[PDB]
């Protein structure tokens, strides 16, 4: 994998800019992997897949804080609360590396 962290998958709520823990939270094992480049989040407690995001070259990625990043592909929005700044940095690096490999021209 390009990155693997245990993080809380996030989703937008009905406020103008706020985020909630998807499904009420708990940790998921979130992997960025490689051709398709995927962000995959599997909830630890029951192995439910709660994040399945195929990466595209044009994504928008927002490091809102050192432990909260979100990204957008088209109008689809995904985010993570990380357990540490180190994890967030590793995840961001992995996304960037995946996009480097995806991009071919």
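Numbering follows the first chain given and starts at 1.
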Deposited residues lacking coordinates between residue 63 and residue 64 (none, 1 to 3, 4 to 9, 10 or more): none
Which of 94 to 102 and 2 to 10 has higher mean CA B factor, as the PDB entry lists it: 94 to 102
Residue stretch of maximal mean CA temperature factor, 43 to 51 vs 23 to 31: 43 to 51
Where the record places residue 69 (Cα B-factor, split into thirds across the chain): lowest
